[PDB]
Structures are given as structure tokens and as C-alpha cells.
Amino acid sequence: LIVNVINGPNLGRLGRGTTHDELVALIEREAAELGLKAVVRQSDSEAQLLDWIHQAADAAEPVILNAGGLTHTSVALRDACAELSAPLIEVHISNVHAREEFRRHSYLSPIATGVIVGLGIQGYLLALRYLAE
């Protein structure tokens, strides 16, 4: 049973400790243990992100999404996620409520199933464990 993990702009740069390739490996391993398949994806392109969301909508597949900056700015992304019928878990590696004020609003949260912030890369793994149950 399949889960999509979609990362947005600047998440390629993870480890400006952990690199993005490692994150894929961690997630892929954790997903194996839980009896899931993780499809992990990254793009700085909104249009590319939207296409992945569209497909997940069509497939009725759940999504773990970390949209980077677009979280606070993209109504379009929000609208594609609003179409998903399966669960959507919004994920942030950092605690967004501990930095600038503008980071404390999210267009995705209201239409998300739930949200995890500030638990680093393990937020992704916790999100997997939710969708497993």
C-alpha cells in the first residue's frame, strides 16, 4: 500500500547533518518495516509539485507534504491538496512558530488531515506511522 512523500522548494538542500538522499533512504526503510511503499519526490517547481498532487488525487493515494516556502504563499497548491480524498499530512522539519511571524500561517493546514512541525526528519517517519494505522 502506497504513500507519497512530496517535498517542495529548497528541500534538495537538506544538510546545507542529513542529506535529502539519506532522507529518502530513511523513509523507504521505515516504510518497508511498516509494510508500505514510499514514493519520495522533490521539486523546486510548483507546477511539478501540483502534477504529483493531481496524480495522488486520481490514484486516491495519501500524501505527506513538506512544501517549504510555498506553504505560506501558494493558494494553488492548497487547491490541489483540497482535491485529495486520502489523508494529507503536512510536515515541517523546523518549528515554524519559533522563527519569523510570516512562517506561522499556512494555507495547507486547514485542508490537511493534520500537521507535524519541529521534530526534524523524524516528522516524516511519524507521519508514515499514522497512515499505517
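For every residue, the number given is its place in the sequence shown, counted from 1.
A chain break between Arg16 and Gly17 is present, corresponding to 4 to 9 residues of the deposited sequence without coordinates.
On average the C-alpha atoms of 23-31 have higher B-factors than those of the other stretch, with 23-31 and 102-110 being the two compared. Residue-level temperature factors show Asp58 in the middle third of its chain, judged at the C-alpha atom. Ranked by Cα temperature factor within the chain, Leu36 sits in the highest third according to the deposited record. Sorting the modelled residues of the chain by their CA temperature factor places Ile121 in the highest third. The deposited CA B-factor of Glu90 belongs to the middle third of values across its chain. The entry lists a Cα temperature factor for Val3 that places it in the highest third of the chain's modelled residues.
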